[PDB]
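Take a look at this one chain, the form deposited in one PDB entry, written out in structure tokens.
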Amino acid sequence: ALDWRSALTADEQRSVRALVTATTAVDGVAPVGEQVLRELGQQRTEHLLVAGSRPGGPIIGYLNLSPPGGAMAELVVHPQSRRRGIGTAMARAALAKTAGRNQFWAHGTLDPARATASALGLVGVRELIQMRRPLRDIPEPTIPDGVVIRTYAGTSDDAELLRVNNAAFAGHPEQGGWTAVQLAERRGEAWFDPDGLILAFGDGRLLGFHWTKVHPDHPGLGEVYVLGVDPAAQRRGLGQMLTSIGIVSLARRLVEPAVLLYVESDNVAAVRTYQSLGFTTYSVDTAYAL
């Protein structure tokens, strides 16, 4: 019997982290994301834990259902316990619970997940591509005149940063409609670096920005965190220029060392921008749904 849980004890949290770490070791990819791990100690989501056979043992399966669109499920069956129906039972429980509306996130779109998706009658409905490029032979930015580049100067720049982010991402489910609240939350994170947030102004109104990120726990890697160009300043070479400047900045500050990014497979403009700068597909995350 699969019992939906709204909260977990400390031991259960430890049990789930153990299952996740054991799985990452074997699969080479973490089966659930970092936010799912942060939800383990909260009462904001719903969970399924499948216990092993005898008392005092580790768990063999886990699923998290995060409320939203439909909810999002992330799940994992221990490598030693696969092909026994556990993944299907948890997935079907999620589908029954959400009336067929939830999606499932397959990090890395590995063979087992693809096969399980096929067996469950699911199809890929979104592909988030992680692309990378090395820190060598990097591009050289071309700053057109009438444009000046500088880093974020603090709250003085928040009005323009929010305006441009919200104009570029208008209609975007989660990157659009930001307020000073979202900025504060990020600046409070240890990875924030104001000199890693690159701004281009007319020479002036903010034209676009490139927020880069180096996480203290992932040495050797830099990330494109948010890239946005005001629609009034798009299709003039600024997005490529900003990405290029960020690569130069990251390479100075920093598998193989690299700059990585995440881009929706159908974001034609961003995929083109990144492809022009030598990024190539590293892995793909697929959201599966009925």
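Note that residue numbering follows the sequence shown and begins at 1.
According to the entry, the deposited sequence places 4 to 9 unmodelled residues between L254 and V255. Unmodelled residues of the deposited sequence between neighbouring positions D203 and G204 number 4 to 9. The stretch 172-180 shows the higher mean C-alpha B-factor when 111-119 is compared against 172-180 in the entry.
According to the PDB record, 145-153 carries the higher mean C-alpha B-factor of the two stretches 194-202 and 145-153. As recorded in the entry, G69 carries the highest CA temperature factor of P58, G228, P31, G69. Of all the options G208, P139, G100, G87, the entry's greatest CA B-factor is assigned to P139. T281 sits in the middle third of its chain by CA B factor, as recorded in the PDB entry.
Ranked against the other modelled residues of its chain, the C-alpha B-factor of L95 as given in the entry falls in the middle third. For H215, the recorded CA temperature factor ranks within the highest third of the chain's modelled residues.
Per the deposited record, the Cα B-factor of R235 falls in the lowest third when ranked against the other modelled residues of its chain. Ranked within its chain, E160 lands in the lowest third, by CA B factor from the PDB record.
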